[PDB]
């Protein structure tokens, strides 16, 4: 079943392309489609209510990791659901594109790894208990 690393790279590659960037510039590294589409819908819902994530973030190379973990820990503090996992991908995507915009491209491959490891260590058990990524595809369509 699904390599989380692969998922992260696919999602981030997509979100970077939406900002005119190529994944290969910064990195030498049905589920994928559902996640891309869900990310687009999530971001539409987000900007209907709030400001684009890329506008809200305050990034520095020295605090990027700490910033990433604080956001993700609060996002999942009182539980996990598929919508929050989509939020997690969208946040990582926003963090990457903003990193590039702010001339901190070094962070792109790091953020992808932070995401992959958080998925593998902290979200994967829940994903398994909820039927795997196939469940997400069937729910989203």
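Numbering follows the first chain given and starts at 1. Basically, rigid core = biggest C-alpha set you can superpose within 1.5 Å across the two forms.
J.: Which of these two stretches, 16 to 24 or 126 to 134, has the larger RMS Cα offset in 6 other deposited structures of this protein when the rigid core is kept aligned?
T.: Farther from the shown form on average in 6 other deposited structures of this protein: 126 to 134.
J.: Could you check whether 56 to 64 or 91 to 99 drifts more from the shown form in 6 other deposited structures of this protein, using RMS Cα distance once the core is superposed?
T.: Farther from the shown form on average in 6 other deposited structures of this protein: 56 to 64.
J.: Does the chain run continuously from residue 29 to residue 30, or are deposited residues unmodelled in between? Answer none, 1 to 3, 4 to 9, or 10 or more.
T.: Gap between residue 29 and residue 30: 10 or more residues without coordinates.
J.: 32 to 40 versus 72 to 80: which one carries the higher mean Cα B factor per the record?
T.: That would be 72 to 80.
J.: Mean C-alpha B factor from the entry: is it higher for 131 to 139 or for 4 to 12?
T.: Stretch with the higher mean C-alpha B-factor: 131 to 139.
J.: Per the entry's values, where does residue 90 land by CA temperature factor relative to the rest of its chain, in the lowest, middle or highest third?
T.: Answer is lowest: the recorded C-alpha B-factor places it there.
J.: Determine, from the deposited record, the chain-internal third of the Cα B-factor for residue 110: lowest, middle or highest.
T.: Its C-alpha B-factor belongs to the lowest third of this chain's values.
J.: Divide the modelled residues of the chain into thirds by Cα B-factor and specify which third, lowest, middle or highest, holds residue 49.
T.: For residue 49, whose C-alpha B-factor we compare with every modelled residue in the chain, the answer is the middle third.
J.: Taking the chain's C-alpha temperature factors as the reference, tell me which third residue 17 falls into: lowest, middle or highest.
T.: For residue 17, the deposited C-alpha B-factor lands in the lowest third.
J.: Per the entry's values, where does residue 64 land by CA temperature factor relative to the rest of its chain, in the lowest, middle or highest third?
T.: Highest third - that is where residue 64 ends up once the chain's C-alpha B-factors are sorted.
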